[PDB]
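# Breakdown of the fold
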4 protein chains.
Amino acid sequence: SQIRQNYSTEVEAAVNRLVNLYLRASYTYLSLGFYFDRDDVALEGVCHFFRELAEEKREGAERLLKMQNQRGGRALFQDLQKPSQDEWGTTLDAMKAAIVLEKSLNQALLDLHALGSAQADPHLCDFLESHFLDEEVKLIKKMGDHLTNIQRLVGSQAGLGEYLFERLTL
Amino acid sequence: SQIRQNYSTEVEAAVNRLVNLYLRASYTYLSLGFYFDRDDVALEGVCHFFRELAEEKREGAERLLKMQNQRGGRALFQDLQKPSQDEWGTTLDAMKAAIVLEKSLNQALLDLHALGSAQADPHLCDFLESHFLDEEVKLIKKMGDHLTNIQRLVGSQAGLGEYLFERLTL
Amino acid sequence: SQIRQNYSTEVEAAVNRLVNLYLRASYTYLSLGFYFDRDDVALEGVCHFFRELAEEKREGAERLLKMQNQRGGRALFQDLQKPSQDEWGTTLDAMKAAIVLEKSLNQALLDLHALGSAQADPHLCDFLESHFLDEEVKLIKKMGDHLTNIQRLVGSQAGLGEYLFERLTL
Amino acid sequence: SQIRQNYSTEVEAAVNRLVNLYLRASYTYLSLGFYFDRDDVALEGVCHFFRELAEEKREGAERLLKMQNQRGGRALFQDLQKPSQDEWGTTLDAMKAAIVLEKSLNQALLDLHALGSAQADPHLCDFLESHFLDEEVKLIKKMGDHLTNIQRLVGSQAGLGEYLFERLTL
């Protein structure tokens, strides 16, 4: 590339892996969203919560693909693996799986930042810090807030607590 | 009729039967609505839910009567049978009876579409597809959503769950 | 399902295959869009053309998933295969690959409509006719218009014609 | 200085060298801009492109001089060397010289960030990341986009392609 400057092949390969993780995450949140749209599940606020996260993960992947082109790297796309479950259980089981997914996206972002620091790439480190690291921490905190509230609700009787969390929080 | 073209007597008879089914349905939803307006029942959102459905079924019957006149067919009215119950029980029993009623209206719409396809009536098939088939599927989905939410609520204790569904959903 | 009525397992399986085809198509248009965003390609209007098509294919897949839930069918997601190429050549080669992709989506829509007609599913046939069949025909016509204009431009000298099509048409 | 804290003399000397590079760059873009304003060159959009870059490089140098005063360092000005050419050739030769100039400003910014990291100056590293590193990457990408478009245009016949790039892109 005629524009590539201080952009190693190891960072370029790791950004392509992170694009695949964000696209896989968006595919999982899509599956989560239409599960809660089922007539025998019927939790509309839970559906809208996961459908918003599917758009955010897809826009995070497009933000990385735009950065890859701005630095002169080449995007390589892989197969998107299907989500790990077909049925997602309750709102508690779904939010638990969503926070495991966000923590693994956060850990992959931290391994890219540590790779960009060892390779001495200050533009990559500022790009992750401006758009990706702070939004992951905020989302993991909000999901942990939801998990604490769901677990204090579904202690007594699960169906009443699951309905009230969807109505009054989401 | 001077305007009748490709409109068989079997379709005309079946449209008159479907007008009677939609008027009977509107009479049932009226009885459902004023049951939940009783002082010893007192579920105002359930009352307003069924009173809106009574207007929709009546406007569906008038839409079929307008189509019968546009095609040159003749409207024949029968006796409207009284609704199957005088008292409708709980919100769960009422929504269960409402989805049985909507599924039988949907099945009668599908038998009219299959009759219009065998008689090769493309205007009748487009009329049912534009105004009747899609609204039945949406209403049956919404009622199934309500039934799933009511049944997850009235598991613990019925009176608290019945009040909360009326307050927070309807 | 408590809401499923006149919705066969063969139509439900074929809708799940069509969701996968529309998601694969959206993945291909994403790869097409960021290829033309490369600094050594640098055709901004071609990039924006394919990025709009990636959103349309994704919204077409979500429209089918919403219909699958409204009819009481169950969404099953598969692996999204990666796009067939990593590099897409010129605007002529890209638009040729885009019209092959749209014609195969159109053919899969026609096989679903013929399956819904043999199974006598008039709601499925109206759903494809209202949202999917007419938009495919319009998009295939617009792509064929672009292919005729690109081929009359890149006859003389390819680079001048490729720049002028991006500037003045897209 | 009474305000100087964690600001080494090596960073202060390197910021003064970077002020001179940004002022030299602004002088080169001024010479580029008024070359394309000549009556025997007469490329008005190319003139306006380089005159905007002359203001951006001058405002980048004033932003560094403001930071030098905020940290308690002392600005030392050197002679501004005249630009390397008097005549700049075509738009292709000018954009090639402009991207060599921007890449050397980018490399000097990366050597200052690596010096601020070895000296453990986190305020200097955030200042370069917020205002300087991201704008250099965006400008180098835009110039590489222009170079790809100019080279695909001036392949056939140079004068027609040079006029069309100025009219339709700049």
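### Here's the deal with the relation of the copies chain B and chain A
- Turning chain B through 90° and shifting it by 0.0 Å along the axis lays it on chain A, with an RMSD of 0.0 Å. Both copies of the chain, as the preceding transformation shows, are related through a four-fold rotation axis.

### Focus: the environment of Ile150 of chain D
Residue and element names in this part refer to chain D.
- With respect to the secondary-structure elements, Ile150 resides in helix α5 (residues 133-153).
- Considered as a pair, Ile150 and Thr90 are 60 residues apart in the sequence and their alpha carbons are 10 Å apart.
- When residues no more than four places from it in sequence are discounted, the contact partners of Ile150 are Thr91, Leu92, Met95 and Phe165.

### A word on the UniProt feature "binding site: Fe cation" in chain A
- Per the UniProt record, "binding site: Fe cation" is found at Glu52, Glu55, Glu56, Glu59 and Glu62 of chain A. Those annotated residues from the list above that line the largest cavity are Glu55 and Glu62 of chain A.
- Among the structural elements, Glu52 of chain A can be located in helix α2 (residues 44-70).
- Among the polar contacts listed, one links the side chain of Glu52 of chain A to the side chain of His48 of chain A, at a separation of 2.9 Å.
- By the element assignment, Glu55 of chain A lies in helix α2.
- Residue contacts for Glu55 of chain A: discarding those within four places in its chain leaves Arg58 and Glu62 of chain C.

### Topic: a nonpolar patch on the surface
Residues and elements named next belong to chain B.
- On the surface, a nonpolar cluster with roughly 340 Å² of combined accessible area is contributed by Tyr27, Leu30, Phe34 and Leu80.
- Topologically, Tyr27 is positioned in helix α1 (residues 9-35).
- On the basis of relative accessible area, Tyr27 is assigned to the partly exposed category, the value being 37%.

### Examining the relation of the copies chain C and chain A
- For the match of chain C to chain A, the screw axis carries a shift of 0.0 Å, the RMSD comes to 0.0 Å, and the turn is 180°. What the rotation and shift describe, once combined, is the action of a two-fold rotation axis. Residue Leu80 of chain C of chain C places its C-alpha closer to the rotation axis than any other residue of that unit, at 2.4 Å.
- Most of the interface of chain C is mirrored in chain A, where 100% of its interface residues again form contacts.

Thresholds applied
- Residues numbered from 1 in each chain as written, not as in the entry; some residues may be left out.
- Chains lettered and ligands numbered in written order.
- Part of a larger assembly, values for the part shown.
- Heavy atoms only, no water.
- Least-squares fit on C-alpha atoms.
- Helix = DSSP H or I, 4+ residues; strand = E, 2+ residues; numbered from the N terminus.
- Contact = heavy atoms within 4.5 Å.
- UniProt positions renumbered as here; feature names shortened; annotations may be inferred.
- 1 Å grid on protein atoms, 1.4 Å probe; cavity = no way out; pocket = protein on both sides within 12 Å on 5 of 7 lines; lining within 4 Å.
- Polar contact = N/O pair within 3.5 Å; in protein donor to acceptor, adjacent residues only side chain to side chain.
- Patch = residues over 30% accessible without salt bridge, like charges linked within 9 Å, V, L, I, M, F, W, Y side chains within 5 Å.
- Areas by Shrake-Rupley, 256 points an atom, 1.4 Å probe, with all protein chains shown as cover.
- Salt bridge = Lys/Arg side-chain N within 4 Å of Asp/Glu carboxyl O.
- Buried < 20%, exposed > 50% of the residue type's maximum accessible area, 1.4 Å probe, protein only.

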